[PDB]
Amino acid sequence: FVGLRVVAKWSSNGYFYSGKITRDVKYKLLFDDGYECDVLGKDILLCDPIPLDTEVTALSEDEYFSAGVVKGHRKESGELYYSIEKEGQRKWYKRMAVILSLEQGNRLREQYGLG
């Protein structure tokens, strides 16, 4: 799974954050936030991009994270932007501004969970 993009959490009740598998050891993860970390495969979702209609948490321009739904994807300069709708309004977010709550990630484990 090395080189693969992933969303993964590093604490028992934490959020899932986007990153890359750098080595299999547990898996050595480089999060897009720059933190490097060995996390259980149990806590890794191998989906990239996060699919359409997934409920995510996204950082708005006003510096609040809040829930929304993925409605689209755009890959420009290699960077991925998500179109995310919140109460009917769509904006574009950088990959590193889109995370999953524990419940939001839990809903993807059966289909995308590593293992």
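Note that the rigid core is defined as the largest set of C-alphas that superpose within 1.5 Å between two forms. All residue numbers are counted from 1 along the displayed sequence.
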property: RMS Cα shift after core superposition in 6 other deposited structures of this protein, winner of 31-39 and 59-67; result: 59-67
property: RMS CA shift, core-fitted in 6 other deposited structures of this protein, bigger for 11-19 or for 91-99; result: 11-19
property: Stretch with the higher entry mean CA B-factor, where the candidates are 68-76 and 36-44; result: 36-44
property: Greater mean Cα temperature factor according to the PDB record, 14-22 or 91-99; result: 14-22
property: Residue selected from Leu29, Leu52, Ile84, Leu59 by maximal Cα B factor; result: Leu29
